[PDB]
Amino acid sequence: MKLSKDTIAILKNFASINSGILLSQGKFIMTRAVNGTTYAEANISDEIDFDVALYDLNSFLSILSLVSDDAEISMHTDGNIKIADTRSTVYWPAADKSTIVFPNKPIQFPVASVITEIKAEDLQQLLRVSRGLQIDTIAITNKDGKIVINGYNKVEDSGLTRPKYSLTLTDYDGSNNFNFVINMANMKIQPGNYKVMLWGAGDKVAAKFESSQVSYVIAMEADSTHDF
């Protein structure tokens, strides 16, 4: 097989949610954090022609920039990975599935309770500015016919009543009410415009960010409140 920059890019994001990953034959990839708060799945143009599990995904991708762009990746005679180059050969360890955490099946996000969106430029600012204002958690709530995000520093505002940052998303008229809390540490979303789908069902609250390239499913904190 081969892996274009695009593919490599997403896997590099994936590498930040989970240091390892299991590649399965197909043109679909997925990964999930070790604590299970974040899941990501994407359809790549490149076709995977063999099943292999990688322990250090980020270090592996790096090794690729040191070789040909068309370089051929395959399963070697000894069971490891062989990266065939013009005048050279690079080998990489195929990991034993037990040393990594991966999904057995992809996630089926239930139908959206509420649907909103965030543009590549607002997400960027929200991430840059959060690190600045000591923000570690956020709340997506309805307010004045709109869906807004409030940044909070749970450290000193564990009740989340003193927002340090506020971003207005989309208009809203629905008859429901809600304050969905998301742990900022789980927001490992690569840049871009995402369709946000929030879902509540009793004590079960989950968020899904979708773009034309990737999709992330994220579990929301218990502080969450909704009348769905």
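Residue indices: 1-based, along the sequence shown.
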item	value
Which of 52-60 and 184-192 has higher mean CA B factor, as the PDB entry lists it	184-192
Average Cα temperature factor in the PDB entry - higher stretch of 12-20, 212-220	212-220
31, 65, 37, 175, ranked by C-alpha B-factor: the highest one	175
Position of residue 98 among the chain's modelled residues by C-alpha B-factor, lowest, middle or highest third	lowest
Residue 81, C-alpha B-factor rank within chain (lowest, middle or highest third)	middle
Third of the chain, ranked by Cα B-factor, where residue 130 sits	highest
Residue 137 CA temperature factor, ranked by third within the chain	middle
Chain-relative CA temperature factor third for residue 90	lowest
